[PDB]
């Protein structure tokens, strides 16, 4: 009954998924002029900003008063860098409108026309909400897995709607995701810009090739009986999670198969039933996960029939605490409860043994 909201989220993510797919090599080749280092030393690129611009501008054209928690800020960007953001958006418009445009849907309007450099800045900075416990706000990681994006590997365009601290809607575009690499079948049309996954709480999880996004296929986690047959999902970047502790969990559970990839694409593989357990144990216990790294995934996994908690206490994640999660680490799985609890208590015991 977030009908309008689901359509808006889907088409916003779809457009940003094409831009990011198309731009990936040009960004990599021109790292010098396309890539900025933030205050925590992490990267941000033209792609991240462009995707955030398209998405917030679409949300605003359809829902002018809506609040957004977005990862990125325009502060300090030069005009030259911002003209580059605008140019990629307009370039992508020229390809997208020929080939994929959806009738009776607006990305821009009179109030938010997305025409000038000042427009791009204003739009990006509508992402400056700090979240919290009451009411409605959108939650946006324009490129999740920016390091993957830059490695030429996996990444995801991630958008969710939170209401009263609970994620009600999620949409994840995985523009580079090829299912045949994870043993499974690809759907016709997947080749151009990957797949989109999406869910509304209480109504199920679905996917579609991003080029299509009209015909939607219901997804669900699988239910293997023995952990010895299970498959983990873990990140690639050793600084984003505690790989050695994760290997200790696997070894204790007799898991011998894992997949490493960047981004909330991992949640999508889980929801699809191509793996069983998403492990993200914290390296340092002071880190607080950003809600935009987990919010879209939370509702997609839930609707696909899985379970999503922190990595120590075995409690549900609380998306009403602001920009960050107060718990430590994240673990999701296909369930059931007993399997999930086994995984999280192992993770607990591992961390306590430090």
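Residue numbers count along the first chain shown, from 1.
A summary of the deposited B-factors shows that, of 221-229 and 70-78, the stretch with the larger mean C-alpha value is 221-229. Between the stretches 205-213 and 183-191, it is 183-191 that shows the larger average CA temperature factor.
When the C-alpha B-factors of 140, 85, 253, 124 are ranked from the entry, the top spot goes to 253.
Among 291, 304, 326, 59, the highest C-alpha B-factor in the deposited entry belongs to 326. Residue 132 sits in the middle third of its chain by CA B factor, as recorded in the PDB entry. In the deposited entry, the Cα temperature factor of residue 176 places it in the highest third of its chain's modelled residues. When the modelled residues of the chain are ordered by C-alpha B-factor, residue 239 sits in the highest third.
Ranked against the other modelled residues of its chain, the C-alpha B-factor of residue 287 as given in the entry falls in the highest third. When the CA B factors of the chain's modelled residues are split into thirds, the value for residue 44 lands in the middle one.
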